[PDB]
Amino acid sequence: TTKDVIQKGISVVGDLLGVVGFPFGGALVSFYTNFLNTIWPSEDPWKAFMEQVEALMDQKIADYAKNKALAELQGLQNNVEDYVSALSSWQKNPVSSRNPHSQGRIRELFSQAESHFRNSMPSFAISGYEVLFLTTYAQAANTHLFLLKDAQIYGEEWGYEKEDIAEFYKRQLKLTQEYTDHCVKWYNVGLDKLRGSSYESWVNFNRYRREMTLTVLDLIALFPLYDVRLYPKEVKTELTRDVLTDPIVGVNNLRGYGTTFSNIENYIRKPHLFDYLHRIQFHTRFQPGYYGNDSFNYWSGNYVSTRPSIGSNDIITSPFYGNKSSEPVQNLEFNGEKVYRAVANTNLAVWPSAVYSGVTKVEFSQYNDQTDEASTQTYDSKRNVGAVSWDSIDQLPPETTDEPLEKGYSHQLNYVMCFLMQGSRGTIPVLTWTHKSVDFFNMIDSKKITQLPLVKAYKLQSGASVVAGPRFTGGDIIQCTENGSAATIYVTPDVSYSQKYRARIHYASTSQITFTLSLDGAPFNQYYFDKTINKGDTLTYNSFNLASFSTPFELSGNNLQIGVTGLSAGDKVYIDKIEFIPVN
């Protein structure tokens, strides 16, 4: 259920990933038309976003608050549409038909929409309904900010005063912080509200976490890239966070046998350097039916092997999960393949005073980006398979329903983990997924500003570690507690000639520090950076700073090493991303 809003959520993020930073006019208009068809066509999507959280929270918005919100939204729609049509005409029309009279028409349409947004936002955040309005607020906030950046692109062309463009920019800065902080704060309130002790508690908890990631968290991660002054070129970026699909079960009610909240949540993958699905070892067991004829085999346990980020080739193999095989082991290899879908069969045996159910068949859809070919690999228990009951597409829809799945998919398989039911009545498999935007090669684009997340490193050192992200960065971060090296990341230059770059770093620090950059063990850049936080502070939007290194450099190697010095006992440095700016 709710796949509709989940798809819209996924699609917007996917489209925005193409117009992030300073976009070319044609691309900006194109985006806007889809945007209007997706998010701003009628009150239906907005109504669906409110219903979405109501379903996750098992709470309702007071009718009065629901009606006002919808009213504001109808008005905002007209503002957005009137604006886009005019913007479309502006781009299309030659630099001749631009008279003072048409400039004023676009200027006031723009001022209206922007003003209407600031006035309406509080309606999507009324006391006691903050969490329930979350997806609505996130989507409205996004529109407001995306709208705002246009003033820095076309401001002068439209004939706005220098003072006006500046006013818009400051307003954009303040709101990026507010909207981001608001979303994280309430996201967490919602998350904590769903923590329980039962298996059913965890499913709801994790469903909320996944759905809020797709509709809210991924979105707010893009906000800073709307600053066309800081990002005066197109931006190449990616989302590195994990999402867990609902557990694959044969029955709707486990009658108490479901794995406990703690036995699931405390065992799912902890903050880790980025990696890819390499291999899966399926373990099968025989489940006897009370009458023999109703028996079946089922997936009892597994092993998982991942390959690290580019630059390292040592395969990571997981501990054993679940129950050892009674039947012959099945092995599936994925070297290079991208799993964009997983469809499962389940079966059940009804005993006089017990019900036994398990995952009997799993069909994986894979795509080979090298040989540009799709295919399938499947796990089969071999005894009494039953019918399909679980399809990843229902939870992780494609970015586009335009192209074929092997092209339009939004996520790929990263992890597989088997949990044991209480009193060992069966096995519950859980699948982890990663976003399609992740570039395996860590390629530095020669025409764009490239954002490189530190979790893409292949090697950590001097006691650096992967820590849970502050929820607004699109992934996890690196924590540095000691003076010395910290991380080594492998980089792929996209051009052969001596292209020069400037580097920028997105970090948080308890003290004034020094960052040093090395290529293949040789230092090339070293600079001084400001303190951004106090010891023990919590990480909010303002905690991070984006600072440039002075000197330009060429990519005369592949192994980029970031080192830190100037730390004292108790000091901490958090690194989010490294950026590369193509320079002449």
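Residues numbered from 1 in each chain as written, not as in the entry; some residues may be left out. Heavy atoms only, no water. Residues with missing side-chain atoms left out of burial classes, pairs and counts.

The next subject is the sheet that holds strand 10 (residues 373-380). Pairing in this open sheet of four strands is antiparallel, and the strands run 10-9-8-11 from one edge to the other. Only two strands of the sheet have a single partner each, and these edge strands are strand 10 and strand 11 (387-391). Sheet twist, expressed as the mean angle between neighbouring strand axes with direction ignored, is 30°. Pairing of strand 8 (residues 338-351) with strand 11, which is carried by four bridges, proceeds in the antiparallel orientation. (Pairing = 2+ DSSP bridges. Helix = DSSP H or I, 4+ residues; strand = E, 2+ residues; numbered from the N terminus. Axes fitted to C-alpha atoms, helices over the stretch in contact; angles between N-to-C directions.)

A few words now on the sheet that holds strand 22 (residues 513-519). In spatial order, the strands read 16-19-26-22-23; together these five strands make up an open sheet with antiparallel pairing. The outermost strands of the open sheet, each flanked by one partner alone, are strand 16 (459-460) and strand 23 (522-529).

Glancing now at empty space enclosed by the protein. Empty space within the largest cavity amounts to approximately 30 Å³. Surrounding the largest cavity, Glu238, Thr240, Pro453, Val455, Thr473, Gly474, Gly475, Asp476, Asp576 and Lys577 form its lining. Of the residues in the lining of the largest cavity, the class split is two nonpolar, four polar and four charged. (1 Å grid on protein atoms, 1.4 Å probe; cavity = no way out; pocket = protein on both sides within 12 Å on 5 of 7 lines; lining within 4 Å. Points joined across faces, edges and corners; volume = space filled by probe spheres on them. Nonpolar A, V, L, I, M, F, W, Y, C, P; charged D, E, K, R; others polar.)

Right, let's talk about the domain arrangement of the chain for a bit. For the chain, the assigned domains are domain 1 (1-229), domain 2 (230-240 + 438-584) and domain 3 (241-437). Between domain 1 and domain 3, the C-alpha centre-to-centre distance is 35 Å. Of all residues in domain 1, the largest losses of buried area upon contact with domain 3 belong to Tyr199, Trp202 and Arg210, amounting jointly to 36% of the total for that side. Linking domain 1 with domain 3 are four salt bridges, by the criterion used here. A salt bridge links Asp218 to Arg241, with the shortest nitrogen-to-oxygen separation between them at 2.8 Å. Taken together, the elements giving at least two residues each to the side of domain 1 that touches domain 3 come down to helix 1 (3-16) and helix 8 (199-220). Looking at the side of domain 1 that touches domain 3, the element that brings in the most residues is helix 8, giving twelve residues. (Domains from an automatic or database assignment. Buried area = accessible area lost by both parts, 1.4 Å probe. Salt bridge = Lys/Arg side-chain N within 4 Å of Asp/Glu carboxyl O.)

What follows concerns unusual backbone geometry. Of note in the backbone geometry, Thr2 takes a positive phi value of approximately 60° without being a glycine. For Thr2, the position within the fold is in the segment before helix 1. One non-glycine residue, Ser462, adopts positive backbone phi at about 50°. Looking at the element boundaries, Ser462 is found in the loop between strand 16 and strand 17 (465-467).

Below, the discussion takes up the packing of helix 6 (residues 134-154) against helix 7 (residues 162-193). One can describe the packing of helix 6 onto helix 7 by two numbers: an axis separation of 10 Å at closest approach and a directional angle of 160°. One finds that helix 6 runs roughly antiparallel with respect to helix 7. For the pair helix 6 and helix 7, the sense of crossing is left-handed. Here the residues of the contact of helix 6 with helix 7 are counted per class, giving 15 nonpolar, five polar and three charged. (Parallel < 35°, antiparallel > 145°, perpendicular 65-115°, else oblique. Left-handed = near helix turned anticlockwise from the far one by under 90°.)

Moving on: the pattern of salt bridges. Between side chains of opposite charge, a pair can form as their charged atoms come close. What the rule picks out here adds up to 24 salt bridges. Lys8 is the partner of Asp4 in a salt bridge, and the nearest nitrogen-oxygen pair spans 3.9 Å. Of the two residues, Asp4 and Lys8 are both situated in helix 1; the distance of four residues between them amounts to about one turn of the helix. A relative accessible area of 17% places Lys8 in the buried class. Its salt-bridge partner being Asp391, residue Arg341 comes within 2.8 Å of it at the nearest N-O pair. Residue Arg341 is located in strand 8, and its partner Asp391 is located in strand 11; the two are separated by 50 residues in the primary sequence. Taking the relative accessible area as the measure of exposure, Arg341 reaches 25% and is therefore partly exposed. One salt-bridge network, held together by shared partners, links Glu114, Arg118, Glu167 and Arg171. (Buried < 20%, exposed > 50% of the residue type's maximum accessible area, 1.4 Å probe, protein only.)

Our next topic: the nonpolar core. With 132 residues, the main nonpolar core has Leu16, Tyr32, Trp40, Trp158, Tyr208 and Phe364 as its most contacted residues. For this core, the element with the most residues is helix 6, which contributes twelve residues. Ranked by size, the runner-up nonpolar core spans 34 residues in total, among them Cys480, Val491, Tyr507 and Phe553. (Core = buried A, V, L, I, M, F, W, Y, C linked by side-chain atoms within 4.5 Å.)

Vacant regions in the atomic arrangement are exposed by a probe of water-molecule size rolled over the atoms. One number sums up the size of the largest pocket: a volume of about 940 Å³. Lining of the largest pocket is provided by 42 residues; of these, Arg209, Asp242, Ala468, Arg471 and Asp476 occupy positions nearest its centre. Of all the elements in the fold, those that place two or more residues in the lining of the largest pocket are helix 7, helix 8, strand 2 (242-244), helix 9 (261-265), strand 12 (411-420) and strand 13 (427-435). Broken down by element, the lining of the largest pocket gets its largest block of residues, six residues, from helix 8. Across the lining of the largest pocket, the residue classes tally to 18 nonpolar, twelve polar and twelve charged. Reported here for the second largest pocket is a volume of approximately 790 Å³. Surrounding the second largest pocket, 27 residues form its lining, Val203, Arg207, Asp246, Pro247 and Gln395 being those nearest its centre. Put simply, the parts of the chain that give the lining of the second largest pocket at least two residues each are helix 3 (44-57), helix 8 and strand 11. If you tally residues by element for the lining of the second largest pocket, the top one is helix 8, at seven residues.

With respect to the helices and strands, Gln461 occurs in the loop between strand 16 and strand 17. Under the relative-accessibility criterion, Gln461 is labelled buried at 16%. A polar side-chain atom of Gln461 sits 2.9 Å from a polar atom in the side chain of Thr488. (Polar contact = N/O pair within 3.5 Å; in protein donor to acceptor, adjacent residues only side chain to side chain.)

Another point: a nonpolar patch on the surface. A contiguous nonpolar patch, built from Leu348, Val350 and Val355 and spanning about 230 Å² of accessible area, is present on the exposed surface. With respect to the helices and strands, the residue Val355 is situated in strand 9 (residues 354-368). Among the residues examined, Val355 registers a relative accessible area of 37% and is labelled partly exposed. (Patch = residues over 30% accessible without salt bridge, like charges linked within 9 Å, V, L, I, M, F, W, Y side chains within 5 Å. Areas by Shrake-Rupley, 256 points an atom, 1.4 Å probe, with all protein chains shown as cover.)

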